[PDB]
Amino acid sequence: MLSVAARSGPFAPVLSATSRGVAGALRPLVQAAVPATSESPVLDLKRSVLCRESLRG
Amino acid sequence: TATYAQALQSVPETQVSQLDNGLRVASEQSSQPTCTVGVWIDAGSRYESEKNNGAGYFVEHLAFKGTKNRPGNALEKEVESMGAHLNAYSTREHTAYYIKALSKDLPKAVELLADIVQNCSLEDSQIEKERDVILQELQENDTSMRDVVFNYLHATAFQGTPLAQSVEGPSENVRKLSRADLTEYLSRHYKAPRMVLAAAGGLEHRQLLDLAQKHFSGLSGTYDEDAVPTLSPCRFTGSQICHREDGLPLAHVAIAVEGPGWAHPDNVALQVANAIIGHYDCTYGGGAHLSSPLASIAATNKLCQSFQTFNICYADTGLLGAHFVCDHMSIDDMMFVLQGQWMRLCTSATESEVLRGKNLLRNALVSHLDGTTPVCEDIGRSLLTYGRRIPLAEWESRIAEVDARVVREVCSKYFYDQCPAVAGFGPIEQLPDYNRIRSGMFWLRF
Amino acid sequence: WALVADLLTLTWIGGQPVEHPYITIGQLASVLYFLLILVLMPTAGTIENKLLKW
Amino acid sequence: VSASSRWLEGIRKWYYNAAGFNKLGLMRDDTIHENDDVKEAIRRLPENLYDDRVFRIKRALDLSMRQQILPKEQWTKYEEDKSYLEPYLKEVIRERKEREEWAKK
Amino acid sequence: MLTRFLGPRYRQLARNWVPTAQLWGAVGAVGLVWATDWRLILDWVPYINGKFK
Amino acid sequence: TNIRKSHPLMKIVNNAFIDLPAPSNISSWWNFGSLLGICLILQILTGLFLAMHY
Amino acid sequence: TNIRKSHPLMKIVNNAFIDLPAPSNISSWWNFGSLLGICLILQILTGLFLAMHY
Amino acid sequence: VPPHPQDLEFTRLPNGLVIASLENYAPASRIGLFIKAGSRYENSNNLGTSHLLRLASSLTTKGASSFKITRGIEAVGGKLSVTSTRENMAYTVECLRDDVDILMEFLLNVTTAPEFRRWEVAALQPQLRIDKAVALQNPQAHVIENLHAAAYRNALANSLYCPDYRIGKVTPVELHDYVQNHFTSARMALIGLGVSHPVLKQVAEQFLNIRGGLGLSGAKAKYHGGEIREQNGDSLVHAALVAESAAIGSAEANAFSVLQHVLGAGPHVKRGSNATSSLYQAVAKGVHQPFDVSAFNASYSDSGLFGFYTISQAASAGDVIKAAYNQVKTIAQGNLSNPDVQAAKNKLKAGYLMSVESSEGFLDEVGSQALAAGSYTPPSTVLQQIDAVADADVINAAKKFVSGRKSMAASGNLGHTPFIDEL
Amino acid sequence: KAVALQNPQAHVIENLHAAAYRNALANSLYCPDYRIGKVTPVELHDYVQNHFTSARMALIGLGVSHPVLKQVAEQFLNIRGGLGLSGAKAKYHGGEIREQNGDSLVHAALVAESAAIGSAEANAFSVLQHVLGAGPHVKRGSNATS
Amino acid sequence: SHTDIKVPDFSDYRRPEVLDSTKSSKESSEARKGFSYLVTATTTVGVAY
Ligand code: HEM
Ligand code: HEM
Ligand code: HEM
Ligand code: HEM
Ligand SMILES: COC1=C(OC)C(=O)C(C/C=C(\C)CCC=C(C)C)=C(C)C1=O
Ligand SMILES: COC1=C(OC)C(=O)C(C/C=C(\C)CCC=C(C)C)=C(C)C1=O
């Protein structure tokens with residue numbers, strides 16, 4: 001049941017050529033968007049989330 | 001070893017079956033021990049009035065907070081205890097509620113979905129707690145420059161139509177929507193012929209059918225008749241909304257022409273052309289050497305922080321264009337280059353780049369359809385918009401047929417000398433005047 | 001320097017009647033002017049590059 | 001190898017001496033005309049060579065100004081004439097040519 | 001060394017711009033003709049026979 | 001980059017008649033500057049043709 | 001700040017004849033540009049005075 | 001009617017390299033080269049080298065210039081991505097079946113023949129600062145980086161992001177050295193999806209026979225403990241409390257994973273109360289308004305960090321942390337059900353199976369397993385291993401957390417955030 | 001702050017204090033980066049009104065006369081309405097702060113809680129400081145008595 | 001809250017062919033550009049003369 005990062009918790013950065021720089025393992029956050037006022041930038045000196053190279057027709 | 005072409009044929013045909021209701025039940029069986037079940041509904045915000053707006057977004061909040069058979073928090077307790085995940089979304093045109101769970105748990109997952117989608121307990125105390133929650137979310141969404149600009153772009157492009165509305169509604173509606181309002185919207189839209197039970201993974205289609213008859217029998221049968229309207233077309237306008245705010249540090253701009261709707265065959269050629277232009281972000285490796293000229297010129301000259309092309313689809317219309325984020329002194333250069341690429345493609349698109357576009361598109365299609373969740377979603381959405389499930393082999397055929405001539409003909413039709421809808425937010429003093437953006441939509445060379 | 005010298009010849013001839021010597025020398029100098037600029041000078045540059053192993 | 005190669009080599013040595021950049025302590029590569037390929041190669045030079053190249057050009061422009069020349073012993077000797085730029089220039093060109101091939105398809 | 005612009009894409013480029021380069025030449029011609037009143041060329045046009053014979 | 005914005009000659013044009021930030025509310029009365037411009041050229045052009053016979 | 005460097009009119013002068021970075025080794029042969037400048041003005045000035053009687 | 005599947009084929013070469021491949025009859029292919037080269041292999045003299053390296057995947061190689069790598073991969077619409085953790089670096093490459101060959105070649109070139117040219121490396125340095133700024137906008141990233149710096153004195157203490165003082169200072173020779181000594185056969189695994197075993201095995205025998213670097217999984221992470229505090233003013237305090245737990249692969253690790261679900265990892269319901277989450281309900285009971293909690297569990301080759309992470313208003317930090325800590329104490333004292341552990345087991349199993357649903361998740365799990373264990377453990381046996389975890393094992397893990405020397409990192413306005421001393 | 005921080009000692013001593021105390025003495029003499037640009041006029045006003053008061057003040061003069069200073073103090077320094085004593089009380093805690101740098105030279109400070117100024121024990125510490133060694137007394141010396 | 005951002009009615013200014021929210025604008029687009037470009041074409045013809 002290895003794969004340290006997916007065993008949820010420790011951090012795991014991704015770099016890419018066509019896709020985007022990701023920093024994303026586990027800690028809370030998700031249950032703070034509910035009891036709210038968990039702001040966020042809207043692309044302050046940034047990049048972009050959700051990322052691209054998926055679609056359809 | 002199998003070829004790419006051959007592999008497309010190996011994908012199991014999505015099985016479609018109809019209930020005596022109008023409830024379509026569709027599935028794509030794989031071999032996975034996990035699955036995803038859900039209900040896709042032809043309900044959004046393009047269906048709402050004005051006083052009413054925010055109705056479904058409001059229902060989404062109440063949806064998982066109690067049913068009549070499962071009160072206050074009992075549902076959560078069931079989903080969580082089997083290790084499942086329950087989620088939901090809503091756009092201007094679609095609402096979805098889906099469970100991501102273990103394959104054995106399929107009986108329970110459908111049973112819960114049914115209970116949520118029909119026997120919902122919009123209890124007064126809860127609907128009252130949700131108004132504070134939603135208003136907070138509106139306050140949150142305001143900080144996301146990107147979400148704001150796409151709401152602005154919709155609001156200007158679709159001016160007096162229901163499509164100009166945001167999903168969440170105006171604050172005045174959030175604080176005034178009644179239980180009666182919600183119950184009525186539910187009655188009007190959450191009915192069988194407008195919903196599709198979708199699933200993907202280790203399930204046999206008969207299981208899904210049995211479950212659909214077992215737990216969804218009791219909708220549209222003794223229902224329908226008078227009070228079921230269709231969707232009226234939405235006039236695209238073509239204008240500009242500029243929200244000047246020098247306090248924010250980067251400008252956000254979103255520009256688009258009117259695209260055709262979901263149904264139109266030419267969404268494929270548009271997606272190829274969009275792919276050629278692609279996307280960029282300051283964390284991409286490869287700056288100067290990127291194929292897309294916009295991306296390349298943007299990276300070397302540092303004309304932006306990010307940009308993305310898009311092709312948003314609605315009933316018989318859509319927004320086709322791009323969005324970018326940049327420093328106050330780079331909005332003009334950024335627009336020039338963006339527009340320069342659209343015209344180039346409209347007139348002088350070459351063959352090699354079209355193959356790249358087609359290739360980027362074949363990868364996107366397949367890379368996206370990876371996992372029970374995106375496929376389940378794909379089945380549900382397709383049936384609502386296409387009436388069919390379009391197999392990968394067909395999408396391939398449609399992609400394969402695109403050559404340069406098609407790109408310059410299809411881009412011309414939508415872009416060449418057309419009025420864009422422009423939305424700007426942030427430090428936009430240098431956002432070019434509308435006439436100039438309009439004059440960049442055609443070329444005097446040509 | 002042969003171009004400058006050829007341009008002296010050209011002006012000198014230009015200031016002279018179109019009779020004996022003058023016709024054929026002024027005719028050949030004209031060819032030289034264009035042979036020099038159009039063919040000879042470029043060719044020299046290629047040769048020079050080569051002598052320098054460039 | 002023999003008589004002929006030495007004769008072409010001595011003709012090359014002769015041109016070199018006649019060319020006269022040596023007289024201003026310059027090296028052949030210091031005289032190259034600066035186009036983009038070259039501007040890039042200069043950029044790619046390592047710290048030491050780059051610094052030496054500026055001092056040489058400076059030494060020459062200074063000489064060229066007062067129309068003097070270096071004592072004969074300080075002239076750069078042919079084939080002691082290190083072509084420091086060549087490998088960089090070659091690669092920059094090779095890189096451009098590949099871009100160019102890709103631009104054709 | 002103009003072999004840089006010789007290949008399939010450039011060949012595709014040239015063709016995409018032909019109807020345009022051709023129509024630009026029609027503009028230039030009629031434009032030259034009408035502006036100098038090109039007797040030779042004009043006399044063939046049905047109307048615009050304002051030079052009788 | 002563009003062509004208008006960067007070219008030494010076109011810059012001047014761009015900065016004076018294309019991208020020049022102008023007030024949105026100037027009225028006729030502001031036209032006399034360009035009209036003097038036209039009158040100056042008109043005076044020069046008809047003035048030259050007269051000088052060819054005067 | 002200075003006066004030469006900042007004034008709209010003087011800037012032009014400064015950037016063209018005062019602080020203009022010039023190579024330290026240009027020789028006579030580079031003088032003909034200014035000499036053409038002088039010849040142009042000399043031609044205009046004597047040219048105008050002749051036009052007052054011609 | 002889906003096609004009957006295929007089994008994964010696995011092979012250890014005598015030089016230590018591992019090759020694993022699955023033939024799913026997919027339109028696309030996925031190849032990843034997993035290497036034991038994460039930040040834990042950096043030291044005081046070369047910090048950040050694995051970061052710049054991670055950002056350097058498209059610089060020129062022998063056999064493939066930067067321009068080619070970029071244009072070539074984009075021409076077929078594929079991807080090249082490098083992902084790092086404190087232990088591994090993974091180069092994954094993606095494309096349709098018909099194009100595996102060219103992508104494989106670029107992959108081999110990036111990983112075994114990089115040239116790291118002086119000027120290309122100089123031009124890339126500023127990317128460290130852009131890359132690091134983007135990661136650091138999530139408060140979690142600072143916290144977890146400081147958590148590790150605080151917990152270990154060693155290797156796991158290193159950051160995944162280049163220290164500021166090193167930006168612009170990492171050299172081409174340091175990249176060369178990092179590759180030569182970590183990108184070797186015995187530290188590598190070639191995983192494939194949508195390819196065939198002979199092909200991967202051929203490629204590995206022809207191109208991945210490199211060896212002359214270092215040897216095992218470490219210098220050995222020496223857990224130390226302590227705390228790092230970053231004053232910030234963010235309205236929200238982020239804090240992580242942790243203790244040494246167990247190394248991955250060991251039976252105790254699974255006990256910790258089950259403990260993580262008894263307490264509470266992420267949410268399962270959109271905008272839910274999180275009824276089955278022990279930590280959450282425990283904090284909520286005495287704290288009214290904006291907050292989040294979750295158990296944290298990191299497991300490495302020779303160590304592990306387990307505990308919880310909290311997000312809360314500056315003044316409630318103490319209360320949130322104390323409530324959370326006391327909740328764990330409660331399980332350590334025996335107050336743990338049987339249906340609780342059962343529910344946790346179901347949450348853990350459902351999630352793992354969900355984690356390998358897709359190509360990306362599957363490939364990463366196979367690659368990491370190859371590195372950590374040198375094996376491939378089927379989902380059935382992982383489910384079996386989880387089931388072997390008894391209630392007493394979970395109780396014992398909780399008890400280990402409660403009495404172990406702690407490590408903590410926190411950011412925000414820390415005026416009411418306790419010091420460990422005070423827990 | 002940049003000018004002070006070019007002496008490696010200043011970072012060290014600021015971190016030494018941050019590490020040693022959980023409180024007041026932990027504060028830095030230099031504004032934290034995140035606060036630069038954020039301190040408000042109201043915060044300055046508040047800091048003055050509550051700390052610049054009579055009971056917390058001393059007017060010292062050199063080359064002036066006592067009556068004059070005393071007159072000035074009675075006319076202008078009668079301000080009071082702030083806080084009271086010498087603290088919230090520094091709670092010594094202990095711990096360590098480590099800053100990776102690459103400076104060729106490592107700067108380190110090792111310390112323990114000693115005694116408050118004014119107490120007899122403080123003088124013992126001052127004498128200990130000289131037994132061990134403070135600064136140098138001879139230019140370029142071996143420092144024999146250290 | 002940015003969701004309250006109205007878009008002021010422009011019926012007062014809209015060409016007649018674009019007055020209905022019920023239907024496409026694409027239909028009248030050609031006639032609309034036609035009309036506006038005819039004006040500039042006729043003008044250039046005039047100026048040419
Ligand atoms: C050859 C004669 C002149 C030419 C070609 C000329 C040209 C112009 C032009 C093109 C403008 C800008 C547009 C406008 O406001 O009209 C302007 C503005 C102005 N001119 Fe002149 N003009 C001339 C004579 C004058 C005179 C006689 C005066 C008064 C002594 C004058 C003082 C101004 C001023 C103050 C402005 C600024 C007006 C404003 O911005 O409100 N110029 N001129
Ligand atoms: C350098 C350009 C100009 C040239 C070459 C030029 C040349 C001439 C010539 C040859 C005449 C005598 C022929 C005649 O009387 O019709 C004349 C008359 C005159 N011009 Fe100019 N001129 C020029 C610009 C101006 C300007 C700037 C003005 C001032 C608005 C001006 C105002 C006059 C007037 C008032 C007359 C006499 C009235 C008349 O037309 O009989 N012209 N010019
Ligand atoms: C009204 C006639 C001309 C004027 C007033 C003029 C003025 C000048 C001036 C002031 C300079 C800078 C100083 C110098 O090098 O001399 C210059 C340089 C130059 N001119 Fe001219 N010149 C004129 C005719 C020409 C001609 C006939 C050519 C050749 C077609 C020419 C091409 C150049 C070039 C290439 C330079 C740069 C030379 C260098 O920097 O080495 N100009 N000119
Ligand atoms: C706009 C300034 C100029 C004016 C007003 C001007 C005016 C005149 C006039 C009135 C004459 C006839 C009087 C005479 O023959 O002496 C003349 C002759 C001539 N000018 Fe100019 N001119 C000007 C600039 C030039 C320029 C640029 C050149 C070319 C170098 C030039 C070369 C000549 C020549 C060759 C003659 C005839 C030879 C002679 O002096 O007899 N002048 N000019
Ligand atoms: C924003 O205010 C301005 C205008 O609007 C009132 C103008 O119309 C013009 C027009 C000036 C022209 C066309 C140049 C003519 C000068 C010559 C020497 C021919 C200028 C400069 C201007 O600044
Ligand atoms: C650094 O090289 C240069 C010189 O040294 C060779 C010059 O002497 C001049 C002199 C030019 C003058 C005085 C302007 C004359 C032009 C007119 C229209 C009167 C220029 C521009 C120059 O660049």
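Hydrogens, waters and symmetry mates play no part in the numbers below; they use all other heavy atoms, side chains included. Counting convention: from 1, in listed order, for ligands and their atoms alike. Chain A is the first sequence line, chain B the second, and so forth, proteins listed ahead of strands; every chain is numbered from 1.
Here D:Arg44 pairs with D:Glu40 in a salt bridge; the nearest charged N to carboxylate O distance falls below 4.0 Å.
Side-chain contact, D:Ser64 with G:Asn25: a donor N or O sits under 3.5 Å from an acceptor N or O. Remark: the J:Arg32 side chain and the J:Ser28 side chain contain an N/O donor-acceptor pair separated by less than 3.5 Å. Side chains of D:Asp29 and D:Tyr88: no donor on one and acceptor on the other come within 3.5 Å. Side-chain contact of J:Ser29 with B:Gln418: a donor-acceptor pair under 3.5 Å is absent, judged by distance alone.
The protein atom (non-hydrogen) at minimum distance from atom 28 (C) of ligand 4 is G:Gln43 NE2, 3.5 Å. In this structure, the protein non-hydrogen atom closest to atom 14 (C) of ligand 4 is G:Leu50 CD1, 4.2 Å. The single protein non-hydrogen atom nearest to atom 22 (N) of ligand 4 is G:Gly47 CA, 4.1 Å, given as residue, atom name and distance. For atom 12 (C) of ligand 4, the closest non-hydrogen atom on the protein side is G:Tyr54 CD1, 4.0 Å.
Counting heavy atoms closer than 4.0 Å to ligand 4, residue G:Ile44 contributes atoms from both its backbone and its side chain.
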Side chain to side chain donor-acceptor pair (under 3.5 Å) between D:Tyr84 and D:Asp30, intermediate numbers included = CA-CA 9 Å; D:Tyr84 64 81; D:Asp30 304 345; 2.3 Å; yes
inquiry  = Before you tell me yes or no, could you show the steps for J:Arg15 and J:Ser25 under side chain to side chain donor-acceptor pair (under 3.5 Å), namely the whole-Å CA-CA distance, both residues' side-chain angles and the distance that decides it to 0.1 Å?
reply    = CA-CA 11 Å; J:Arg15 303 210 182 155; J:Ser25 277; over 6 Å; no
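For C:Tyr22 and C:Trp12, the ring centers are positioned less than 6.0 Å apart. Checked against a 6.0 Å centroid threshold, the rings of B:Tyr152 and B:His243 count as neighbours.
Within 4.0 Å of ligand 5, protein heavy atoms come from F:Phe17, F:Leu20, F:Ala22, F:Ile26, F:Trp30, F:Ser34.
At least one protein heavy atom sits closer than 4.0 Å to atom 31 (C) of ligand 4. Distances from atom 16 (O) of ligand 4 to the protein include at least one heavy-atom value under 4.0 Å. Distances from atom 42 (N) of ligand 4 to the protein include at least one heavy-atom value under 4.0 Å. By the definition of a contact as any protein heavy atom under 4.0 Å away, atom 19 (C) of ligand 4 is not in contact. For atom 38 (C) of ligand 4, the nearest protein heavy atom lies 4.0 Å or farther away. Distance screen at 4.0 Å: atom 6 (C) of ligand 4 has a protein heavy-atom neighbour inside the cut-off.
Scanning both residues, B:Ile437 and B:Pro432, for their nearest heavy atoms gives CD1-O, 3.4 Å.
Between B:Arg436 atom CZ and B:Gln339 atom CD the span is 10.5 Å, to the nearest 0.5 Å.
Under a cut-off of 6.0 angstrom, the local environment of NZ in B:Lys302 is sparse, with at most 12 non-hydrogen atoms contributed by other residues, nucleotides or ligands.
Proximity to G:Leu48 (heavy-atom distance under 4.0 Å) selects the following atoms of ligand 4: 5 (C).
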